[PDB]
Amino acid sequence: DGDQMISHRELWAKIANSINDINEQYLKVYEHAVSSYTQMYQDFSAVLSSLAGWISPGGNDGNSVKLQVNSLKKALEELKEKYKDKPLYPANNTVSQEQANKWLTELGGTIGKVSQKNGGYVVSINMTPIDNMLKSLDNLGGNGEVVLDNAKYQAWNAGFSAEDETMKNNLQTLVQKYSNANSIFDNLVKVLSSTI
């Protein structure tokens, strides 16, 4: 109904109510999701740095690689256990199942995963790239340091860097979605100051 009148003063408060609702239920949700994933990937970036001390030349001739997988497996698993309790959304407590499912679609099923903490749910960080690394590590043969000829170190590192490339692509699109979310908020502010 277009005849419904509203004061300029009532309109200012309704705008400030909608803006605050958006920043609280959309902007700050997107920012913390980006926040949690960079810090997750930053800790994984610390394991790639420590990977240098876990790979040295080995073998009879010396062309091969001697990767201590137990040290690398230990670091990737501690990274998993660190972020079981650090979800993308929400930042505090839990929310309903459909609220966790609504923000799973908005963020992406690849980046996040809906989990129940008993009663309430969260959108936890999807650790599929890390878990894919661990089982490929688990299949390398032996339960310790493995001598990897350049042909089969070629195959493992190609898949290891791919799961690393996945988390970067995941972080890139999460950063881009937050960039557009801030731009939608910015435009939504200018469109409403247009009324006065």
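We call the rigid core whatever largest set of C-alpha positions still superposes within 1.5 Å between the two forms. We number the residues from 1 along the sequence you see.
Trainee: With everything overlaid on the rigid core, name the stretch, 155-163 or 44-52, whose CA atoms wander farther on average in 5 other deposited structures of this protein.
Mentor: When 155-163 and 44-52 are compared in 5 other deposited structures of this protein, 44-52 lies farther out.
Trainee: Aligning on the core, I want to see which stretch wanders more in 5 other deposited structures of this protein. Is it 170-178 or 184-192 by C-alpha RMS?
Mentor: After superposing on the rigid core, the more displaced stretch in 5 other deposited structures of this protein is 184-192.
Trainee: Do at least a third of the other entries of this protein fail to model residue 129?
Mentor: Looking at the other entries that model residues on either side of it, residue 129 is present in every one.
Trainee: Is it true that residue 39 goes unbuilt in a third or more of the other compared entries of this protein?
Mentor: Across the compared entries, residue 39 is modelled every time.
Trainee: Out of 107-115 and 77-85, which stretch has the higher average CA B-factor listed in the record?
Mentor: Result: 77-85.
Trainee: Pick between 132-140 and 147-155: the one whose mean CA B-factor in the entry is higher.
Mentor: Here the higher of the two C-alpha B-factor means belongs to 147-155.
Trainee: Determine which member of 29, 65, 40, 171 has the highest CA B-factor, using the values in the deposited entry.
Mentor: That would be 65, according to the entry.
Trainee: Would you mind checking where the Cα B-factor of residue 162 ranks among the modelled residues of its chain, as the lowest, middle or highest third?
Mentor: Answer is lowest: the recorded C-alpha B-factor places it there.
Trainee: Is residue 33 in the lowest, middle or highest third of its chain when residues are ranked by C-alpha B-factor?
Mentor: Its C-alpha B-factor, which the entry lists for residue 33, ranks in the lowest third among residues of this chain.
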